[PDB]
Amino acid sequence: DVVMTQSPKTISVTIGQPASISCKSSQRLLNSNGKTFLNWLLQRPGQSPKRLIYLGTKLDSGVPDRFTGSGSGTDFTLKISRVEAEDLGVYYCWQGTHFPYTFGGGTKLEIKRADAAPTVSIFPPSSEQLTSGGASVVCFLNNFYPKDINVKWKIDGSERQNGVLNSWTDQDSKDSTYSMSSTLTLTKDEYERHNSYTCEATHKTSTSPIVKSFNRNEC
Amino acid sequence: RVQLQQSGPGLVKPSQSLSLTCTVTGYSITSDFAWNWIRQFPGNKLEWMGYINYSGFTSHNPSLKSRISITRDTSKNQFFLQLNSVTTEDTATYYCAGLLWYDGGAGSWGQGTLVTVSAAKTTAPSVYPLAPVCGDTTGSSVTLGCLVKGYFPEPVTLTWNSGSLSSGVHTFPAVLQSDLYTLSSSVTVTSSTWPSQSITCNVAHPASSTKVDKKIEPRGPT
């Protein structure tokens, strides 16, 4: 099967700057009638892949003319003349000249922006959940940049590492930031035994962590 | 223009078959296109499965040998996927996608349908309100949230105020543990608007036919 190799794996680009990414195929993609079945696609966060370029060099239907495909034979390039935040996502190449048809592994376009500290919010277990046996404490770390961040949980000032589950959003095209949710799950009985709960976020916008806490049984 | 939509069961037991439908609107399936099935695994990995074209001719990936059938019903303007002998390795988002036969142009994909291959039981979620602590409501914005816990399989849908509240929302990828998923969502509004303008998270879990509309009540007197 034809191997489609994309590089780089990821690219970070400031809004208004160009981008270029490469797709190299293990066999030539020209066919016996002069057509090159090479497409580029973009998959935006939470969407299906969508058309961009086809026939190697042709803009597909309705696609912004900021996208240009070039190349022939085995070596293809996608250029964006000036990046917009909504261009972020994973760009794929695809070949339809040689059965079975194959896709590249994807190049992720990230938008570079100014640093932003997270907004940190902590939430106690709901009364409804406490009637059930379990107790989840949730911390949101929202709208930060760059994407690396660390969260630490404390119960009555002591670090708790077990029972924590984290989840991360993809980059937002509206403000080019990232967000994270961390949930600490305990039994209802262990939660009701302790008093203070703390979420600490460490990020490069500040030298000391951002700390949000509550006491159980206080509003 | 052509529009595609997948449908079919989202949870399949190991060793049985997945059976999906693509409904095409805006174009006849007997004209111009190749009608493809493509699946996406965790990791940006896309696999072409096969097509049936406008004349009924088919082709499929040798990676799926003997397991795949792609068919059509022209009276319904639909085409179909059957994949038998499934295993957990077939858990993927399945897409239908039409590309023109002549040039590969005009590619149009459905929204995708998750198929989970698992023996685990369907379980409806509990939807818990995340009400802000008093001390974090005195600023110019306030964050609230919703915790959707203990469901299987994916997906759920989650909106705020019936989709009328869409800015300032972060809905996070679900986490799986012990064959159950947990998802959270946050929403941030101008603090002076709350609690005068209520905020409700609307959760639906189609696989269990369950909906929860949970209004977020302040901590403190309500």
Side-chain angles (χ1 to χ4, degrees), chain A residues 1 43 46-49 92 94 99-103, chain B residues 3-25 29 33-53 56-99 107-124 151-157 173-174 176 179-181 204-210:
Chain A
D1 301 356
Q43 180 168 42
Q47 301 188 2
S48 83
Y92 292 97
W94 172 83
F99 166 91
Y101 316 121
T102 50
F103 295 87
Chain B
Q3 299 203 130
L4 290 74
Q5 184 175 0
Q6 308 80 355
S7 57
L11 180 55
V12 180
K13 299 278 197 195
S15 91
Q16 303 308 321
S17 296
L18 130 202
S19 209
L20 301 176
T21 298
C22 186
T23 297
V24 176
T25 57
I29 66 168
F33 283 87
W35 303 108
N36 300 265
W37 289 102
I38 297 158
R39 54 184 183 170
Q40 187 162 35
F41 307 100
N44 307 324
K45 184 168 296 212
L46 289 164
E47 181 183 39
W48 175 76
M49 303 183 73
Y51 61 68
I52 181 164
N53 80 358
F57 185 71
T58 64
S59 181
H60 60 263
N61 199 323
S63 65
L64 305 175
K65 174 165 186 13
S66 72
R67 304 200 290 137
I68 181 169
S69 177
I70 302 177
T71 56
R72 69 183 178 163
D73 186 315
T74 57
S75 78
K76 297 183 188 317
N77 217 52
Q78 294 173 324
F79 65 98
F80 309 91
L81 173 67
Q82 187 191 106
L83 186 72
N84 68 35
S85 312
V86 300
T87 71
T88 58
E89 299 312 299
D90 296 304
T91 292
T93 294
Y94 288 74
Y95 294 101
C96 50
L99 278 70
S108 309
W109 301 47
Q111 81 287 337
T113 191
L114 184 62
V115 183
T116 299
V117 179
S118 176
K121 69 169 170 57
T122 298
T123 305
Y151 64 96
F152 188 86
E154 287 261 65
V156 291
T157 61
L176 177 68
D179 288 322
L180 298 168
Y181 288 97
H205 183 232
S208 68
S209 294
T210 302

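Sequence lines set the chain letters: A, B, ... in the order given, protein chains first and strands last, and positions in each chain run from 1.
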Supply the atom-to-atom distance A/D1 CG to B/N61 CG, rounded to the nearest 0.5 angstrom.
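Spacing of CG (A/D1) from CG (B/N61) equals 6.5 Å.
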Identify, with sequence neighbours excluded, every residue that meets ring pair (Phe, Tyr, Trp, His ring centres under 6.0 Å) alongside A/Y101.
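B/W48.
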Determine, step by step, whether B/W35 and B/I70 satisfy the side chain to side chain contact (heavy atoms under 4.5 Å, CB included) criterion, reporting the C-alpha distance in whole Å, the side-chain angles of both residues, the deciding distance to 0.1 Å, and the verdict.
CA-CA 9 Å; B/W35 303 108; B/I70 302 177; over 6 Å; no
Quick one: pull up CD1 in B/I29 and NZ in B/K76 and give me the separation to the nearest 0.5 Å.
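So the gap between those two atoms works out to 11.5 Å.
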Pairwise side-chain contact, B/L46 with A/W94, heavy-atom cut-off 4.5 Å (strictly under):
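No; the side chains remain at least 4.5 Å from each other.
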Atom SG in B/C22, atom CD in B/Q5: separation rounded to 0.5 Å?
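Going from SG on B/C22 over to CD on B/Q5, the span is 8.5 Å.
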Rounded distance (nearest 0.5 Å) linking atom CD1 of B/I68 with atom OG of B/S85
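Rounded to the nearest 0.5 Å, the CD1-OG separation comes out at 12.5 Å.
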Side chains of B/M49 and A/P100: closer than 4.5 Å at any heavy-atom pair?
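A side-chain contact under 4.5 Å is absent here.
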If you count every heavy atom of other residues, nucleotides or ligands that lies below 6.0 Å from B/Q3 atom CD, does the total exceed 12?
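At most 12 heavy atoms, drawn from other residues, nucleotides or ligands, come within 6.0 Å of this atom.
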Compare all side-chain heavy atoms of B/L83 with those of B/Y94 and state whether any distance is below 4.5 angstrom.
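Answer yes - side chains close enough.
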Would you find a donor on one side and an acceptor on the other, under 3.5 Å apart, between the side chain of B/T91 and the backbone of B/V117?
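Side chain of B/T91 to backbone of B/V117, a donor-acceptor pair under 3.5 Å: yes, one is there.
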Backbone of B/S69 reached by a side-chain donor or acceptor of B/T71 within 3.5 Å:
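Not at all, since once roles are kept as given, no pair shorter than 3.5 Å links the two residues.
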For B/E154, side chain to side chain contact (heavy atoms under 4.5 Å, CB included) partners two or more places apart:
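Testing B/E154 for side chain to side chain contact (heavy atoms under 4.5 Å, CB included), a comparison that skips the adjacent residues, returns B/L114, B/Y151, B/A174, B/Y181.
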Where at least one partner belongs to residues 34-49 of chain B, residue pairs that pass salt bridge (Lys or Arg N to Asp or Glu O under 4.0 Å), sequence neighbours excluded:
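Matches after skipping sequence neighbours: B/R39-B/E47, B/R39-B/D90.
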Applying ring pair (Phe, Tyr, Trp, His ring centres under 6.0 Å), can you list everything that pairs with A/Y92, at least two apart in sequence or on another chain?
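Here no residue qualifies.
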Specify the closest pair of heavy atoms between B/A207 and B/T122, including all atoms of both residues, with the distance to one decimal.
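Shortest heavy-atom contact: O-CG2, 3.7 Å.
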Enter the distance from B/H60:NE2 to B/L81:CG here, rounded to the nearest 0.5 Å.
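These two atoms lie 11.5 Å from each other.
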What pair of heavy atoms forms the shortest contact from B/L4 to B/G98, and how long is it?
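Shortest heavy-atom contact: CD2-N, 3.6 Å.
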Any side-chain heavy-atom pair of B/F152 and B/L11 under 4.5 Å:
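Contact flag for B/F152/B/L11 side chains = yes.
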Start with the C-alpha distance between B/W109 and B/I38, add both sets of side-chain angles, then the distance that settles side chain to side chain contact (heavy atoms under 4.5 Å, CB included), and finish with yes or no.
CA-CA 9 Å; B/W109 301 47; B/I38 297 158; 3.7 Å; yes
List the atom pairs, with distances to 0.1 Å, where a side-chain N or O of residues 14-21 of chain B and a protein N or O form a donor-acceptor pair under 3.5 Å, not counting sequence neighbours.
none

Pair B/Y95-B/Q6, side chain to side chain contact (heavy atoms under 4.5 Å, CB included): steps then yes or no:
CA-CA 7 Å; B/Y95 294 101; B/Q6 308 80 355; 3.9 Å; yes
Atom of B/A124, atom of B/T210 and distance for their closest heavy-atom approach
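Nearest heavy atoms, B/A124 then B/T210: CB-OG1, 3.8 Å.
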Ignoring hydrogens and angles, tell me if any N or O in the side chain of B/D73 forms a donor-acceptor pair with the backbone of B/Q78 under 3.5 Å.
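No, the answer is negative, given that no donor and acceptor are paired below the 3.5 Å cut-off.
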State, without any angle test, whether B/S118 and B/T116 hold a side-chain donor-acceptor pair at a distance under 3.5 Å.
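Short answer, no.
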Could you tell me which residues satisfy ring pair (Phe, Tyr, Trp, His ring centres under 6.0 Å) with B/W37, sequence neighbours excluded, listed by chain and number?
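Residues passing ring pair (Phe, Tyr, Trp, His ring centres under 6.0 Å) with B/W37: B/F79.
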Counting N and O atoms only, with roles assigned by atom type, does the side chain of B/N84 sit under 3.5 Å from a partner on the main chain of B/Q82, one being a donor and the other an acceptor?
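Checking the backbone N and O of B/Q82 against the side chain of B/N84, no donor-acceptor pair under 3.5 Å is found.
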